[PDB]
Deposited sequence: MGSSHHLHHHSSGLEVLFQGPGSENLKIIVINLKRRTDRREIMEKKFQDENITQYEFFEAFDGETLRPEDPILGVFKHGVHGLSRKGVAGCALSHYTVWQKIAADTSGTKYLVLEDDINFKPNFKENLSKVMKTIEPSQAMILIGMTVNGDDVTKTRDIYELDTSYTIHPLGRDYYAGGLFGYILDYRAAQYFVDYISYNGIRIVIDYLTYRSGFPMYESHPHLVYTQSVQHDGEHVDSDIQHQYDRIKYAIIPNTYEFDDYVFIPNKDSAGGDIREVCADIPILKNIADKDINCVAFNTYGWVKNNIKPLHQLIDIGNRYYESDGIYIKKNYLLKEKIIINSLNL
């Protein structure tokens, strides 16, 4: 049956105790705490941070990043469970509307097979709170609807999902890194989302909103050699970009593999459709890796090589 996961910082034993007491009052015994990534203690050299290494600096805020890692890690776990078991993921500061246990039960019973991602709470646009009280607050049907995308102002504090949604989110990140705050990431991912009527949970004490310090990434070893690419350390081809992803070489290499139009990627996280002549590559210093540089597809270079060597120079 339903697995409940509560994302909780080890240090927030206050929040943990509150949640445990809430579950007791609801007679819910089937839950577990996920030990949340503490943004404060994330190590600058930890390779898991690769997903955040790009030009959207807001994602490097310690609390923002820790939160993102926590949901993402939970998704990896859920993604692995292809049994189809349902998970309810909660944050550790939520409130239950009265008769939570009964209401959740009714909602669960109503779920159809295609409803893989369901918000049972969300932040509603301030301007839309009044006009959506009928569907979100006052409703007594306990039914599941397409997400009201026009009303959405964030929230992964209460959602029911299975491996299908989790795997999709995980896949999205493998092609994008984490360039969007984690709740908006699900919203922008293109995965179909649903909602309960009414909402079952709702949410000021915050380990995120007042932390503006960013993780300062340590330079980490570049131990990556690939059969299909030549690596040129400390050189780049400015421009000719498809897009920026994130400074994570395995992620980048895979993206480059899958894209016929991609001829090169740099370790800063740019995947490129055009590069300059090699003699026109510019110098780039180590920012993320020892060494940073550019990977170029061998097939591209081999074509050039054959032709250039044939020429009467």
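Novice: Do you know which deposited regions have no coordinates at all?
Specialist: Those stretches are 1 to 24, 228 to 236, listed in order.
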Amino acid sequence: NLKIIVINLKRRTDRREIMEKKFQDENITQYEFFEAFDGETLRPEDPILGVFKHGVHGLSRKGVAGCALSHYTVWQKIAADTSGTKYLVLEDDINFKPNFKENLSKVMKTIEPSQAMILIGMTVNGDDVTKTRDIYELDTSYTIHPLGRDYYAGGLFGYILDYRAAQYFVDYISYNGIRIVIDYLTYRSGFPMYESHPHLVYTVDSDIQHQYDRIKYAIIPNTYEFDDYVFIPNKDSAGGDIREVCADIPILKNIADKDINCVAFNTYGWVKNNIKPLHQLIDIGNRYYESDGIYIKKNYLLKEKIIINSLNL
From here on, numbers count along this sequence of modelled residues.
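Novice: Looking at the deposited entry, does 109 to 117 or 151 to 159 carry the larger mean Cα B-factor?
Specialist: Higher mean C-alpha B-factor in the PDB entry: 109 to 117.
Novice: Please compare 58 to 66 with 276 to 284 and say which has the higher mean C-alpha temperature factor in the record.
Specialist: If you average the C-alpha B-factors of 58 to 66 and of 276 to 284, the larger mean comes out for 276 to 284.
Novice: Report the option among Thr73, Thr82, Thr132, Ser196 whose CA atom has the maximum B-factor in the deposited record.
Specialist: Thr82 has the highest C-alpha B-factor of those listed.
Novice: Select one of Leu302, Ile294, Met19, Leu9: the residue whose C-alpha shows the highest B-factor in the crystal structure entry.
Specialist: Of the candidates given, the C-alpha B-factor peaks at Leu302.
Novice: Can you work out whether the C-alpha temperature factor of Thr143 puts it in the lowest, middle or highest third of the chain?
Specialist: Lowest third, going by the recorded CA B-factors of the chain.
Novice: Compared with the other modelled residues in the chain, in which third is the CA B-factor of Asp227?
Specialist: Answer is highest: the recorded C-alpha B-factor places it there.
Novice: Test of reading the entry: by CA B factor among the chain's modelled residues, which third contains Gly240?
Specialist: Its C-alpha B-factor belongs to the lowest third of this chain's values.
Novice: Of the three thirds of its chain by CA temperature factor, lowest, middle or highest, which one includes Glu137?
Specialist: Middle third - that is where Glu137 ends up once the chain's C-alpha B-factors are sorted.
Novice: When the modelled residues of the chain are sorted by Cα temperature factor, does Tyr184 land in the lowest, middle or highest third?
Specialist: Lowest third, going by the recorded CA B-factors of the chain.
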